[PDB]
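# 3D model of this:
(chains A and B)
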Amino acid sequence: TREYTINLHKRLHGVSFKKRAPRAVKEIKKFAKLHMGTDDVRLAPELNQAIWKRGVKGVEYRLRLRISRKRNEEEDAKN
RNA sequence: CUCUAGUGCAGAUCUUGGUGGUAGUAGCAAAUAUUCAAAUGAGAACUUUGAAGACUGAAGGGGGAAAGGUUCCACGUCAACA
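Residues are numbered from 1 along each chain as shown, chains lettered A, B, ... in the order given. The protein structure is shown below:
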C-alpha cells in the first residue's frame, strides 16, 4: 500500500461544470495505471461516494486515497 | 431446290433489370450528469439485481370514451431482422 494524494485540479478546469465530476472519476482510473504498474484497474462504491457527497459543480481537491494489491493474484484495487 | 415474313441498331431529359458513382465519407435521430459492484454466461455498459448520484412530480403521477382489436399474458427461440 501507499497512501496517495489524488489532486483533482487539471482535467476538471476545462470541463463542463454541471457534468464535471463524471470526468473526474475517470481520472481516478488513469492514476492507477502508471504509479503502480497494473493491468487491471478497480475502484469501489466507497470511491464513488468519496467525490459525490459534495456533488458535481463542487468537488474535493484534497482527495487522498488508499490502494492495495491483490484481488485474484495481482491487480491494484483502490482500497 | 426455291418460295415466303412482325427481317441488319448507338441515341426521343427512352425503355426491362442488375451493377457502377459520391463512399465506408457524412448520417447515426432536439445537451434530463453518471460512477461502481454483482448475478448468469460462449460473449455483458445495455437483460437482471444491488450500492450511489443526476432528473420530474397541475405529471416521468393517475385514468375513461371514440378508434383499433388480443398487440397484454405466460411459455419459448437467437436465424432472418433491430
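# Let me know the distance separating the closest residue to residue A:55 other than its chain neighbours from RNA strand B.
Nearest in space to residue A:55, with sequence neighbours left out and distances taken as C-beta to C-beta, 6 or more residues apart in numbering, is residue A:21 at 6.6 Å. No exception for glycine: its C-beta is placed from N, CA and C like everyone else's. With distances taken as C-beta to the nearest atom of the strand, to the nearest Å, residue A:21 is found 6 Å from RNA strand B.
# Would you indicate which residues of stretch A:14-31 are buried?
For stretch A:14-31, the neighbour count (16 or more other C-beta atoms under 10 Å) marks A:20-21, A:24, A:28, A:31 as buried.
# Check the offset of it from the chain's centre.
9 Å (C-alpha atoms, centre = their mean, to the nearest Å).
# One more: stretch A:35-43?
11 Å.
# got a list of contacts for that stretch?
The contact list for stretch A:35-43, computed with C-beta atoms under 8 Å, 6 or more residues apart in numbering, reads A:4, A:25, A:28-29, A:32-33, A:67, A:69, A:71, A:74-78.
# Wait, a strand at residue A:23?
No. Counting by DSSP: H, G, I helix; E, B strand; the rest coil, residue A:23 is located in no strand; its state is helix.
# which residues touch it?
A:11-12, A:15.
# hmm, 7 Å instead?
Contacts for residue A:23 (C-beta atoms under 7 Å, 6 or more residues apart in numbering) come out as A:11, A:15.
# what does residue A:18 give?
Residue A:18 neighbours (C-beta under 7 Å, 6+ apart): A:56-57.
# Next, it: phi, psi?
Backbone torsions of residue A:18, given as degrees, to the nearest 10, read phi -70, psi -20.
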